[PDB]
């Protein structure tokens, strides 16, 4: 694909990927690059940095305020009042001012902008966070946190109960709890009333309370999370903690009857002798249609249609893609069409894995389901490719250096035979070092380096009252934390479907 042919395709991650491939091979001229940002679907990350090596962006200063950016710290007392207040939006700018000018500006703004006054006078002290905390200036607190994560102080009951109302609270709490940073802030958040938090925030504050062995407070946070979470899977995670902490058999019963298939509902079913959930069986009689499963642009087009289809148009697409060749697209349509109530666990292109042992089959299928939903031309925002979502660098390492496949190109990752073969190859490497399918999943998504560093820690996946569940909540990268739980659920299901059942309690025992 030349740039001229790509420019005729609709904007998509597939088009972005192929533009990025031209940039990385130096095939986009300064002239070609002129109109190109209107041809880019998601102008973020590597494609933006490559394009900008060809054409810098000067942009962008609102023309109304351009004059404001002609002043510096040395000349800002010469600027009009609007210019002064625009430049004081930046804490680095405030930090750069001399203290006499901070005093002058704080007086200027005391009436109309006491927020600015508070920050100016804060930066005249040796600890601006202490000054902002004494004022109980909530917007000021978050500005200072965004400026520097190194500030740490005890916060009283009144102040900590005010923080949840700010949009920044959820990321603040998640970051400091998961990274085990800012211990005075962490300890302070034990005094947050569960009435003042909900959803993710409540849940994280439950995890926080567990780490300080405040189990009654933890229960109260998790109960609030369960009552407020929008997604049944998250509610189930919260109910599981309620159960682990207080052992009310009604909580375990509710969890065992969940409509969501996740590790918590599966565990609860096992503990209560409840039958394994019903898994749909898709067996289209029609063998093919016209659709090209190897065309990445055709997938981008049909995906967009499927995601914008009303209740009625989903039924039309379901029928058209109800074939063996388009089974992954069929299951994808059904999963949306049935409002995520039915469990679809397909095994496409099965001839490529049927000679592996069943435990290995299940792990491959579990990874593919979460990575791609088995869509052969799946492309991620980071341009991971195909059913097993290989990053180009690893794909080329395996395909060119290790396997020495003649005329190998990274786009071979769109072929199911190649995806499953490479997937098996990398999963062999990972499993030989890590053993547990949960740890393998963490390493598949996050890398073996991150996984090894986590497992080297004294506080992760060791013995303990709430282990290994607590450790699973504290995996320090959110994408990997979530991924491991999903892949582990899938693994249990596929082992069951292949007549190679394992108890999820055995998996959990082997994590410690």
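Here the rigid core means the biggest group of C-alpha atoms that line up within 1.5 Å when the two forms are laid on top of each other. Numbering follows the first chain given and starts at 1.
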Superpose by the rigid core: which stretch, 305 to 313 or 220 to 228, shows more Cα shift in 9 other deposited structures of this protein? 305 to 313
Would you mind working out which of 482 to 490 and 55 to 63 sits farther from this form in 9 other deposited structures of this protein by RMS C-alpha distance, with the rigid core as the fit? 55 to 63
Higher-scoring stretch by recorded Cα B factor average, 5 to 13 or 493 to 501: 5 to 13
Please work out which of 405 to 413 and 335 to 343 has the higher mean CA B-factor as recorded in the PDB entry. 335 to 343
According to the deposited entry, which of 480, 458, 471, 26 has the largest Cα B-factor? 458
Most elevated Cα B-factor in the entry, residues 97, 314, 245, 209: 314
Should residue 194 be placed in the lowest, middle or highest third of its chain by the C-alpha B factor in the entry? lowest
Ranking the modelled residues of this chain by C-alpha B-factor as given in the entry, is residue 328 in the lowest, middle or highest third? middle
Grab the CA temperature factor for residue 91 from the record and place it in the lowest, middle or highest third of its chain. lowest
In terms of the chain's CA B-factor thirds, is residue 269 lowest, middle or highest? lowest
Split the chain's modelled residues into thirds by Cα B-factor; residue 44 lands in the highest
